[PDB]
């Protein structure tokens with residue numbers, strides 16, 4: 001099945017941290033995880049434009 | 052499902068919550084022209100297959 | 103009239119129907135949608151004045167132009183719509199709120215139809231929603247799309263048609279490629295099998311020094327017709343402005359009737375008022391203090407409250 | 409709504425009616441109030457004089473390709489005054505040729 | 509989108525066209541990618557030799573039986589590859605016979 | 609549900625089927641149980657004898673007027689009992705009479 | 709609302725194109741390698757190698773922007789003008805003053 | 807991009823239109839010719 005590819009995010013860097021500016025006309029899944037002892041796993045469905 | 056025997060519309064209806072579902076990590080109405088491929092499953096149209 | 107890449111069709115797959123949908127504007131207060139399409143509606147086969155028929159690029163190997171009665175077009179979204187006007191590459195229609203605009207030139211068997219995703223939702227003008235233009239009530243200014251085909255909303259720059267290669271023209275026999283131009287249709291058989299080899303023939307001509315059809319392309323020259331700057335055609339050598347066609351159905355100001363709410367019952371109390379307002383559909387209420395501190399209050403109200 | 413009747417096959421410029429007087433609109437003020445057809449109501453068979461309110465047939469009245477919308481053969485139109493805002497309506501029925 | 513053309517009555521096993529060669533796919537590699545038609549596009553009238561990539565007529569073609577709601581009598585048919593994923597499209601159009 | 613069959617063009621008062629007898633409902637208790645036709649299912653062609661649950665022709669049976677809804681001429685009726693609550697269905701199939 | 713106009717793509721059969729600078733609003737151009745595209749025949753270029761394909765896009769104003777559009781303004785010090793009706797004794801007058 | 811005044815010009819008919827809408831082209835992937843692209847939503851619409 002073909003599936004869409006979301007708009008490429010704009011990454012803004014800062015000291016020990018990142019900011020994703022996201023644009024998605026429809027609900028897009030965002031999933032982040034750390035690479036350490038604790039996953040700190042986060043999941044969120046995002047619509048519209050946000051940060 | 053109804054048989055339209057002229058004006059003899061014998062019919063039967065049953066409740067079943069048929070939602071619009073999608074596959075992958077993106078909502079969409081139609082399979083987009085451009086994007087990634089992914090593994091999906093659909094019913095085979097060949098009337099001679101066997102589920 | 104040019105065929106074009108269509109996102110989705112009646113077989114739910116990539117299609118090249120000459121009815122491909124373009125931009126779908128819907129800034130009309132009445133809810134009319136202006137649709138640009140890839141098939142000219144409002145001309146005869148010659149492209150002179152007419153209203154009963156429309157011309158679309160053909161699927162045949164000749165890939166000429168065919169004219170068919172406009173009665174076959176049935177624009178539909180969530181439900182059947184109603185055509186408001188027709189002019190070349192543009193159609194005006196009013197549609198029920200829907201997620202997708204579908205043009206159906208189909209007639210009986212001829213199930214040609216394309217669909218593009220366009221969010222369409224009922225809109226209202228004024229501070230109160232109305233399901234229908236109400237009989238009574240104040241009239242306010244609004245803007246709707248004009249039904250006069252003459253009135254022009256802009257122009258689109260059309261250019262010369264880029265080379266369209268069609269596989270049937272080329273034919274490879276025993277490792278020998280023979281260009282087979284249509285009868286009376288000189289085809290430019292430009293090919294390169296290790297060396298550039300152009301030329302034009304009108305007869306079954308074996309391209310010498312060439313054995314792979316992958317190295318030869320055959321296409322005719324119908325440059326007299328003009329095509330829209332549609333991103334589904336390879337541009338030709340020159341892509342400068344060949345002509346401009348007016349955009350019909352120009353948006354124009356007009357008057358629209360809006361409803362009037364039920365006058366609120368006012369209860370007076372010490373340094374304060376209570377508004378027993380009442381409204382069936384969403385009605386906006388805005389109260390601002392007449393002093394330096396505006397302290398404006400804004401809230402859409404439904405039902406009855408105080 | 410000013411209901412009017414017109415026969416078919418009328419010539420261009422054929423008179424139908426004076427909406428201005430029938431609606432008691434000031435004929436002198438029509439231009440002053442921007443008297444003009446409602447854009448989303450304009451229809452090709454009909455045309456309106458913007459100085460007197462005289463209605464005159466714009467196109468040879470085709471009692472077939474109109475009448476695919478109705479065998480009542482209804483042509484439908486609206487007109488308005490900008491200042492003050494006033495909206496008015498017109499209906500035009502294409503009568504049959506009685507002298508067949 | 510590949511294109512093929514056919515007429516009615518073509519016998520079972522009538523050659524239509526290799527799709528891999530048209531798309532420049534190694535015919536030997538077809539097995540390595542499990543090449544076959546997409547299960548929501550198949551129809552019985554056409555069938556594919558998976559090893560060679562040759563499409564043939566699998567049941568007698570008939571504009572009357574196949575091509576209700578398709579007067580030019582397109583059959584639309586589709587194909588894919590797994591290693592890596594790829595997908596392709598074929599139209600098969602049935603023309604009239606001039607030996608009428 | 610009680611299936612019944614009946615000739616068309618039969619006159620008013622022509623007895624057809626006895627629902628209370630076929631159902632086995634105590635004929636004498638019908639009135640005590642307030643036996644009557646279900647409101648949103650009555651047909652103008654038929655009426656029910658409330659003393660015995662006896663259904664009869666109320667108006668002239670006709671395929672052109674009864675089977676207007678569906679050529680399959682199978683009229684439908686419902687009846688109910690209040691104390692205790694009970695509900696029943698009746699299907700009256702209009703025959704193609706052998707005299708046609 | 710901007711209208712995102714995409715000019716018709718141009719393909720060099722198996723040569724190579726190059727992206728020229730333009731002045732259109734947010735003018736953007738990119739170059740892609742082997743494409744071997746399809747239009748309706750199934751081969752719109754011979755020599756399926758280094759099939760350079762140029763993509764071009766820019767934006768302009770939508771046709772309906774002639775009416776629905778916002779003007780951005782900077783305001784400076786505002787002057788006050790008043791219309792006055794003055795009546796003295798029995799005689800009245802109207803005037804407008806700054 | 808995605809904010810008010812993402813497209814600007816001195817007039818409706820001005821040819822000196824300047825914009826920064828953050829539009830990026832993508833490599834086409836399906837063999838049918840088409841140009842795909844992605845773009846931030848109209849900041850004018852967001853402000854509206």
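Residue numbers (this note's numbering), protein chains in the order written: chain A, 1 to 51; chain B, 52 to 102; chain C, 103 to 408; chain D, 409 to 508; chain E, 509 to 608; chain F, 609 to 708; chain G, 709 to 806; chain H, 807 to 854. We treat Cβ as the ideally placed atom computed from N, Cα and C, and that holds for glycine.
Backbone CA spacing between residue i and residue j [nearest angstrom]
| i | j | result |
| --- | --- | --- |
| residue 401(C) | residue 378(C) | 14 Å |
| residue 443(D) | residue 768(G) | 35 Å |
| residue 121(C) | residue 221(C) | 20 Å |
| residue 788(G) | residue 805(G) | 9 Å |
| residue 502(D) | residue 421(D) | 16 Å |
| residue 595(E) | residue 83(B) | 14 Å |
| residue 115(C) | residue 539(E) | 25 Å |
| residue 223(C) | residue 129(C) | 11 Å |
| residue 482(D) | residue 92(B) | 55 Å |
| residue 14(A) | residue 51(A) | 14 Å |
| residue 299(C) | residue 162(C) | 28 Å |
| residue 152(C) | residue 322(C) | 29 Å |
| residue 278(C) | residue 307(C) | 10 Å |
Range of the contiguous alpha helix (DSSP H) that encloses residue i
| i | result |
| --- | --- |
| residue 311(C) | Where residue 311(C) is concerned, there is no enclosing alpha helix (DSSP H), given that its DSSP letter is neither H nor E. |
| residue 53(B) | It is not in any alpha helix (DSSP H) - residue 53(B) instead sits in the beta strand (DSSP E) that spans 53-56. |
| residue 853(H) | 849-853 |
| residue 539(E) | 537-540 |
| residue 428(D) | 427-430 |
Beta strand (DSSP E) segment containing residue i, residue limits
| i | result |
| --- | --- |
| residue 159(C) | 151-159 |
| residue 594(E) | 594-603 |
| residue 569(E) | Counting along the chain, residue 569(E) falls outside any beta strand (DSSP E), and DSSP gives it neither H nor E. |
| residue 260(C) | 257-261 |
| residue 657(F) | 654-657 |
| residue 677(F) | No beta strand (DSSP E) contains residue 677(F), which DSSP labels as neither H nor E. |
| residue 293(C) | 289-294 |
| residue 57(C) | Residue numbering for chain C in the displayed model covers 103 to 408; residue 57(C) lies beyond these limits and cannot be assessed. |
| residue 61(B) | 59-62 |
Supposed close pair residue i, residue j - CB separation, criterion 8 Å
| i | j | result |
| --- | --- | --- |
| residue 756(G) | residue 741(G) | Actually they do not touch by this definition, with Cβ atoms about 11 Å apart. |
| residue 203(C) | residue 126(C) | 5 Å |
| residue 825(H) | residue 733(G) | 3 Å |
| residue 352(C) | residue 253(C) | 4 Å |
Close beta carbons around residue i, own chain, < 7 Å, minus the five adjacent residues each side
| i | result |
| --- | --- |
| residue 829(H) | 843 and 845 |
| residue 516(E) | 569, 570, 571, 602 and 605 |
| residue 364(C) | 380 and 381 |
| residue 446(D) | 486, 487 and 488 |
| residue 453(D) | 466, 467, 469, 474 and 483 |
| residue 490(D) | 441 and 442 |
Cβ neighbours of residue i in the same chain (closer than 6 Å, five flanking residues each side left out)
| i | result |
| --- | --- |
| residue 562(E) | 526 |
| residue 180(C) | 198 and 200 |
| residue 699(F) | 611, 682 and 684 |
| residue 42(A) | 32 |
| residue 738(G) | 763 |
| residue 497(D) | 409 and 486 |
| residue 849(H) | 808, 809, 810 and 812 |
Same chain only: Cβ atoms within 8 Å of residue i, ignoring 5 sequence neighbours per side
| i | result |
| --- | --- |
| residue 295(C) | 309, 311, 312, 313, 314, 317 and 318 |
| residue 54(B) | 60, 61 and 62 |
| residue 458(D) | 438, 439, 443 and 444 |
| residue 346(C) | 257, 258, 259 and 260 |
| residue 54(C) | For residue 54(C) there is no data in the structure shown, the boundaries of chain C being 103 and 408. |
| residue 529(E) | 535 and 561 |
Residue i: CB within 8 Å of a non-hydrogen atom of the ligand ZN
| i | result |
| --- | --- |
| residue 20(A) | With respect to small molecules bound, the structure shown includes none, and the ligand ZN cannot be examined in it. |
Check your understanding: Mind listing which residues of the stretch 820-844 of chain H have their C-beta closer than 7 Å to chain A's C-betas, in chain order?
Key -> 830 and 844
Review point. Can you list, in chain order, the residues of the stretch 107-134 of chain C whose Cβ is nearer than 7 Å to any Cβ on chain E?
Key: 113, 115, 116 and 118
Review point. Which residues, in chain order, does the stretch 760-787 of chain G contribute to contact with chain C at a C-beta distance below 8 Å?
Key: Residues of the stretch 760-787 of chain G with a Cβ closer than 8 Å to any Cβ of chain C, in chain order: 770, 771, 772, 774, 775 and 776.
Exercise for review: Below 8 Å between beta carbons is the criterion; list the residues of the stretch 152-179 of chain C that meet it against any residue of chain H, in chain order.
Suggested key: For the stretch 152-179 of chain C, no residue has a beta-carbon sitting nearer than 8 Å to a beta-carbon of chain H.
Exercise for review: Could you name the residues of the stretch 207-218 of chain C whose beta carbon sits closer than 8 Å to any beta carbon of chain E, in the order they occur along the chain?
Suggested key: 210, 211, 212 and 213
**Study point:** Contacting positions in the stretch 591-605 of chain E - beta carbon closer than 8 Å to chain H
**Key:** Correct list: 595, 596 and 597.
Check your understanding: Mind listing which residues of the stretch 523-557 of chain E have their C-beta closer than 9 Å to chain G's C-betas, in chain order?
Key -> 530, 531 and 532
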